[PDB]
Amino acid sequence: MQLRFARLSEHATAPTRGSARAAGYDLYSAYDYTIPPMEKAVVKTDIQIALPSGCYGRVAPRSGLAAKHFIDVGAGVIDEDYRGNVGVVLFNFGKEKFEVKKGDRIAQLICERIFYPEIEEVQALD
């Protein structure tokens, strides 16, 4: 039960989790972005991750950004085997622009347990 990660640049921040039983690790922006009202942005973390076996990585919303600034997270399904730069798709549904600065926490990364079933076609179920 290790989540490993590597920094892809000097702008990356190591993910953090304050509480031992918090659902997610904090993801941090590696760059500044300005997100206009009713617009989206793909926000780079400049980290790559190796998820534990038996899960995928869900990029999930921060609670305060959602309730206070009408920020949501799009996309969000990081496959267990993905080794690229982790991106966060932010949706700004508010009426004001939303500013992201390098080092800001912008999402959380949850290790969601899943099955990897084989698929079988039948003519009709039970």
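A residue's number is simply how far along the shown sequence it sits, counting from 1. Here, rigid core means the biggest group of C-alpha atoms that superpose within 1.5 Å across both forms.
For 18-26 versus 111-119, the mean Cα distance to the shown form in 6 other deposited structures of this protein after rigid core alignment is larger for 18-26.
Across the two stretches, 42-50 and 91-99, the PDB entry reports the greater mean Cα temperature factor for 91-99. Here 10-18 and 108-116 are compared by their mean Cα B-factor, and 10-18 comes out higher. Per the PDB record, residue ranking by Cα B-factor puts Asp72 in the middle third of the chain. Split the chain's modelled residues into thirds by C-alpha temperature factor. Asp26 is in the middle one.
In this PDB entry, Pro37 carries a Cα temperature factor that places it within the highest third of its chain's modelled residues.
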